[PDB]
Each structure stands twice: as structure tokens, then as C-alpha cells.
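For the sequence shown, the positions run 1 to 19, 27 to 38, 44 to 83 when PDB author numbering is used. Here a beta-carbon is modelled for each residue, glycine too, at the ideal position from N, C-alpha and C. Only one structure is covered here, and it is reproduced in the block below.
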Amino acid sequence: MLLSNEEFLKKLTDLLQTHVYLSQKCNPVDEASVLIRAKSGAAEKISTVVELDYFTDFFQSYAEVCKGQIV
């Protein structure tokens, strides 16, 4: 189900921990903000809605989980 940003990043970690790939879809939502979907290999999909005002912050945290899992 639709997760909060902080939970999406938490579950993203644990998707990459249990893994290579990451695929992501983004569609815009009408209240203006964006729906992000992520899926890694065998795992289910995960979802969150990121508000325009929180884009910088969210993508800054998103980078963290990404580069954190690589090392």
C-alpha cells in the first residue's frame, strides 16, 4: 500500500540489502506532486507520494540509501 516517504526509504534499503537492479516509475498526482514506484528484482513494488515542496529533501535522502547500499 502507499507508504510515507520515510517508510519508502526504509523499505528501499531492505529491498537493496536483500538483493543489482532498481526500476522506478513516476507519474504526477493532482494534489501538484509525484507518485514514485520502486521495484527491485524478486521483491514486490513499493510506493510513495512526494510533494513538490519536499523534492530536494527526498531526493537528497534517496541518494543516501542508493549510495549507502553500494559500498
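- Here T18 is exposed, its C-beta having fewer than 16 other C-beta atoms within 10 Å.
- Taking a C-beta distance under 7 angstroms as the contact criterion, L9 and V62 do not qualify as a contact pair.
- Looking only at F70, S45, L12, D37, the smallest Cα-Cα distance to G53 is reached by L12.
- Distance from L64 to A50 at the Cβ level is roughly 19 angstroms; contact not present, criterion being Cβ atoms closer than 8 angstroms.
- As the crow flies, the alpha-carbon of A44 is around 19 angstroms from that of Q31.
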